[PDB]
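**Student:** here is my input; please provide its structure:
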Amino acid sequence: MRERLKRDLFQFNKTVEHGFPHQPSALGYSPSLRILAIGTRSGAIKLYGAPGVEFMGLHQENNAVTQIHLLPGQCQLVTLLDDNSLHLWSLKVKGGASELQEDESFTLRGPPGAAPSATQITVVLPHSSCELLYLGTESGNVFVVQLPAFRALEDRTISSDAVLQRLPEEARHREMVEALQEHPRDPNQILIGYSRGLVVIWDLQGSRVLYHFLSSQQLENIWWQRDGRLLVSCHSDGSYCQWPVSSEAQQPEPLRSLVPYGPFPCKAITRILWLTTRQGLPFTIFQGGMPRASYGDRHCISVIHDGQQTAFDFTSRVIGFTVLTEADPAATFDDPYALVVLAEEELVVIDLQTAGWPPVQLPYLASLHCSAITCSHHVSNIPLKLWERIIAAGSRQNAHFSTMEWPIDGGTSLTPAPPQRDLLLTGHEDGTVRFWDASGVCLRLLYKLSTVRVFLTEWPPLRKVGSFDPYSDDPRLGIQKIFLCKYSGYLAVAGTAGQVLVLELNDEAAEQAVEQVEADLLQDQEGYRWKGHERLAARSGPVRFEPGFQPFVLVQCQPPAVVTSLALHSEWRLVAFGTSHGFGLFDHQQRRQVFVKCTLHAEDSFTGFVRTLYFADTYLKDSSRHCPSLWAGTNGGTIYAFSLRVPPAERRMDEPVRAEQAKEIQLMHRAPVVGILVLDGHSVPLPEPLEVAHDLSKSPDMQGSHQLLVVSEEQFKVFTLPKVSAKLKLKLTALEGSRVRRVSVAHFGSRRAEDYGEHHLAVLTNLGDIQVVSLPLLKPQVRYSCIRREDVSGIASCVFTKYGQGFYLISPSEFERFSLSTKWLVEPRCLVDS
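**Tutor:** Numbers count the residues shown, from 1 in each chain. Right below this line is the structure:
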């Protein structure tokens, strides 16, 4: 096209990522800013606050983030990678909005030639003065660093030999600093806990020991009470003690030492927290302690309060956890209200105020891979009537969740509310279809559909929480294709075992039976037998369904192969499906099969393989009478066309729908057809089903001669209807050497002109590039390098939107949104201050 028009329509920019970060490795939190922080093995530091308030950074060394410590009060955080290096980050306001950038780095190094295992940092203690970083090492020495200008203060070094010199008379030889904290009410005193059991309270200015005790078990971690008068240790045998802190010197014995899961041999407690409440009932949170014999493989975090105990069992390893408290540094009681747990595959938030401790919904950081993602489907511009009903159905199934508002509400999002409501439907392996809010910066779950309903299959206090499921139950339930009609509410989903469910949204619950209808694809062919999965056993009789998308008809394909294509026309109430053998049309209004076409030549050739199905109300035989039509594309470059006879509503349930094959066009290059489209007289694609009923202005131009657009992996072609005479072609693979993976129509609004937009093709190549093919001239406009050509998973997982956006999986747990339109750029823009 023209250069002025090209710049006003196309601009490639990878906006923001949606979902859970892959392989988390650290967790941090700022109670003063209410901002969460997550670190990964790839070096990514990700901050999270209120919905729409998020940041992201990358360390120059791609290494694993081990610890994240946000400074109190200040908007600066310190991280520590597995290379024993510190990094100071800050959130500087540039242009009215905050942004995350790295300030300075520092690697703790000792004398030249010393062992690197002696300078390994274990505990990082930011002082309350926001000026020093006390670093506990494996050698037992505590090092002090200045912020900024990281300079190790050798004069303030608290070595191991210095602490052992200040012990009265009991120092029976011997460090690995396991704990390093500050006195909550005295910034002058710090605590140093050693692995063998030595825990001292060190006076900084006095350079002496004020309090010490030698525990009987190997120390793991330490928690100091809010008033600084009680110490709660945890050990390597699965026990936790209580120690009184006063000014009587001597060596006070443990107050209450016990193994909470004994008397059997348990594993260590990794971390323990002792928090106080105004009701006199303190909380006791500890991670681990399971019996090594029967529960050594469980990742659990227990919470003890008011005679109630619950060990929350997660399906993945616990990377880190924190307890949000309503208390500030100048408060009496801690008063917990939330348990934020970061597992290796999910995030779990537990409400601590409501009885039973119910989970808290996640407005972001959702585990999109709790079930293995198989396919996706995006629908743009959802009607407000249907949009509120989907959320209403999702609220009825989430009644067991907590009523507490999202506690991590830091920052102020400067982005307005999304003017257009978008939906991203995700197919999973267990047979679930999740409805996501792909309208704004946060990808929040709205409603979950479970298709498994139509098929046929207290000490220690363990309570399985979370959503991730690492077990692959049945691969036959894996959703393969999804079609959602945003107008009538009809939903069509396809599975791996040849099952096709046509559902309808229902406000109230219903108890109905799913009529099962068989579609024998191999009706005009015998000899070859099926080897593999058997058809899914359907539930006979009525089945209770919760409000939402209730299935009313099941179409079982024979043979039960993988459904490779799906198309639903809610106006004509027809649904078309295709597998590796053939395809067929189904009338879900009468629950009767219309026709079934076999497309073959045990195993032999690799032809057939229905790839695309497209409904169209265009001309097929004459140039005056337009009739409904169903088009089909195969792997062998064959395009089938069927004439449909859709009766009126007065004759809808009376006379059955008829069909007859009218055209069979064979391509000259014999490449698999990836897309079929029909343009009207003004070279505009045919509108979606029921779109003319909800918008008469989008009526297709019937005066001009329609055009048929056939897109293959090698060429684009345009034919003249109804004669199907070749007119335009673009040999993409012959010019650029790339093959077409998938193509989708997109409307590109203009930036120079407010209300002007042209329809064009969004093409994803096998090389990972994203091109734009102009209509109807089939001219290449722009090519943007996006996905790597070796990312076979990310390329297949790609999906385009109707208005020039797209999504693709950079990891099995998170998407990345890209925008090739000048009218769309969904990115986080936020402000955070103290």
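**Student:** strands along the stretch 601-750 of the chain, start to end?
**Tutor:** Under the criterion DSSP state E, counting those that start in this stretch, the stretch 601-750 of the chain contains strands at 612-618, 627-633, 638-645, 658-666, 673-679, 707-712, 715-720, 725-731, 740-749.
**Student:** so which elements touch the second one?
**Tutor:** To tie it back to what came earlier, the one meant is strand 627-633. strand 574-578, strand 612-618, strand 638-645, strand 673-679 (3 or more CB pairs under 8 Å, 6 or more residues apart in numbering; DSSP states H and E). Every C-beta, even on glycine, is put in place using the N, C-alpha and C of the backbone.
**Student:** can I get that strand in CSV? Just the C-alpha atoms.
**Tutor:** The C-alpha coordinates for strand 627-633 follow below in CSV (Å, rounded to 0.1, in the frame of the first residue of the first chain):
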residue,chain,number,x,y,z
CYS,A,627,-27.2,-19.8,-1.3
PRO,A,628,-25.6,-20.9,2.0
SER,A,629,-22.4,-22.9,1.5
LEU,A,630,-19.8,-24.9,3.4
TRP,A,631,-16.2,-25.0,2.2
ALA,A,632,-13.5,-27.5,3.2
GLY,A,633,-9.8,-27.7,2.6
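**Student:** tell me what angle that strand forms with strand 707-712.
**Tutor:** 20 degrees (axes from the mean of the first three to the mean of the last three CA atoms, to 10 degrees).
**Student:** count of residues packed around residue 329?
**Tutor:** The local packing of residue 329 (other CB atoms under 10 Å) involves 12 other residues.
**Student:** right, and residue 167 touches residue 209 too?
**Tutor:** Yes. Contact criterion CB atoms under 8 Å: residue 167 and residue 209 qualify, at 6.5 Å.
**Student:** out of these two, which sits in the more crowded spot?
**Tutor:** Neighbour count, other CB under 10 Å: between residue 167 and residue 209, residue 209 has more, with 18 against 14.
**Student:** for that one, what are its contacts?
**Tutor:** Remark: with contacts taken as CB atoms under 8 Å, 6 or more residues apart in numbering, residue 209 is in contact with 163, 166, 167, 200, 201, 202, 203.
**Student:** same thing with residue 615?
**Tutor:** 567, 569, 572, 574, 576, 628, 629, 630, 631, 689.
**Student:** at 10 Å instead, please
**Tutor:** For residue 615, the contact set (CB atoms under 10 Å, 6 or more residues apart in numbering) comprises 567-569, 571-572, 574-576, 585, 628-631, 644, 676, 678, 686, 688-689.
**Student:** what about it, distance to residue 177?
**Tutor:** Residue 615 is 69 Å from residue 177, where distance means CB to CB, to the nearest Å.
**Student:** with residue 129 instead?
**Tutor:** Distance from residue 129 to residue 177, by CB to CB: 21 Å.
**Student:** again, but for residue 245
**Tutor:** Following CB to CB, the distance that separates residue 245 from residue 177 is 19 Å.
**Student:** higher neighbour count, those two?
**Tutor:** The neighbour count for residue 245 versus residue 177, taken as other CB under 10 Å, is higher for residue 177 (25 against 19).
**Student:** ok, longest helix in the protein?
**Tutor:** Using DSSP state H, we find that the single longest helix of the chain is helix 384-396.
**Student:** residue 527 touches residue 602, doesn't it?
**Tutor:** Yes. Contact criterion CB atoms under 10 Å: residue 527 and residue 602 qualify, at 7.2 Å.
**Student:** sorry, back to before: reformat the strands of the stretch 601-750 of the chain as TSV; add distance to residue 381.
**Tutor:** Output for these, formatted as TSV (distance: least, CB to CB, whole Å):
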stretch	distance to residue 381
strand 612-618	20
strand 627-633	25
strand 638-645	27
strand 658-666	32
strand 673-679	19
strand 707-712	23
strand 715-720	27
strand 725-731	30
strand 740-749	10
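**Student:** ok, which of those comes nearest residue 100?
**Tutor:** Closest to residue 100 of the strands of the stretch 601-750 of the chain, according to CB to CB: strand 740-749, at 31.2 Å.
**Student:** now the angle from that closest one to strand 715-720?
**Tutor:** 60 degrees.
**Student:** which element follows strand 740-749 toward the C-terminus?
**Tutor:** strand 757-765 (DSSP states H and E).
**Student:** name the next helix or strand downstream of that next one, please.
**Tutor:** Strand 757-765 is succeeded, C-terminally, by strand 769-773 (DSSP H and E).
**Student:** how far does that next one sit from the chain's center?
**Tutor:** 26 Å (CA atoms, centre = their mean, to the nearest Å).
**Student:** which elements pack onto that strand?
**Tutor:** Judged by 3 or more CB pairs under 10 Å, 6 or more residues apart in numbering; DSSP states H and E, strand 769-773 is in contact with strand 740-749, strand 757-765, strand 780-785.
**Student:** pairing partners for it, with directions?
**Tutor:** When pairing is defined by DSSP bridges, strand 769-773 lines up against strand 757-765 (antiparallel), strand 780-785 (antiparallel).
**Student:** how about the contacts made by the nearest residue to residue 10 once chain neighbours are set aside?
**Tutor:** Excluding its sequence neighbours, the residue lying closest to residue 10 (CB to CB, 6 or more residues apart in numbering) is residue 782, at 5.0 Å. Shown in contact with residue 782 (CB under 10 Å, 6+ apart): 1, 6-7, 9-12, 769-772, 774, 820.
**Student:** quick one on the thing from earlier: nearest to residue 268 among the contacts of residue 209?
**Tutor:** Nearest to residue 268 among the contacts of residue 209, with distances taken as CB to CB, is residue 200, at 21.6 Å.
**Student:** and for that closest one, the neighbour number?
**Tutor:** As a measure of burial, residue 200 has 21 neighbours, counting by other CB under 10 Å.
**Student:** Three-state assignment for it, please.
**Tutor:** strand (DSSP: H, G, I helix; E, B strand; the rest coil).
**Student:** I figured it hits residue 163, correct?
**Tutor:** Yes. If you go by CB under 10 Å, residue 200 and residue 163 touch, sitting 5.7 Å apart.
**Student:** which neighbours do these two share?
**Tutor:** By CB under 10 Å, 6+ apart, residue 200 and residue 163 have these common neighbours: 192, 194, 208, 209, 212.
**Student:** what sits up against stretch 161-173?
**Tutor:** Stretch 161-173 has contacts (CB under 10 Å, 6+ apart) with 140-142, 159, 174-175, 192, 194, 196, 198, 200, 202-203, 206-210, 212, 214, 249-251.
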